[PDB]
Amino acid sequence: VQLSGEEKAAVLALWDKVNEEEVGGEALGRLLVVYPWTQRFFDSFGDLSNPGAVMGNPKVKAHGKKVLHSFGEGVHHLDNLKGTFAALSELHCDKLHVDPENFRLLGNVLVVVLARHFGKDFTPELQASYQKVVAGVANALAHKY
């Protein structure tokens, strides 16, 4: 939500390199494997029995991409997070009934995935900035609860 000038520039530079399809699919897939109570919300995606079935499921990849695209919007609108996610907040609370703690979980999973893809380039200082973004997004999606 509030970065320095150097921090925003670093956050944005990393985002240029993010493949929303590979990252999104991986992040969503890991969430479903590591915290398997989240699978209740995605009953319509079919077989989510085991890690192999999850990571190769086309509905997981497609929905992951959509999540990451929405994240990208937050990254490019850091001063207006609450307005950017107002409609999505409503959807998750009113229609889907997702506990807001799960937004922090997905945010952290995404950070772990970024770390996996970028390795040493994902420095302690850069992760620190990403933890700020992730928390900002989670807070903006919780606002209409």
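Heads up: residue numbers just count along the shown sequence, starting at 1.
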Discussion item. Going by the mean C-alpha B-factor recorded in the entry, which is higher: 30-38 or 97-105?
Written reply: 97-105
Worksheet item: Out of 47-55 and 113-121, which one has CA B-factors that are higher on average in the deposited record?
Response: 47-55
Discussion item. Split into thirds by Cα B-factor across the chain's modelled residues, where does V18 land: lowest, middle or highest?
Written reply: lowest
Worksheet item: If you rank the chain by CA B-factor, which third does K61 end up in: lowest, middle or highest?
Response: middle
Discussion item. Per the entry's values, where does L126 land by CA temperature factor relative to the rest of its chain, in the lowest, middle or highest third?
Written reply: lowest
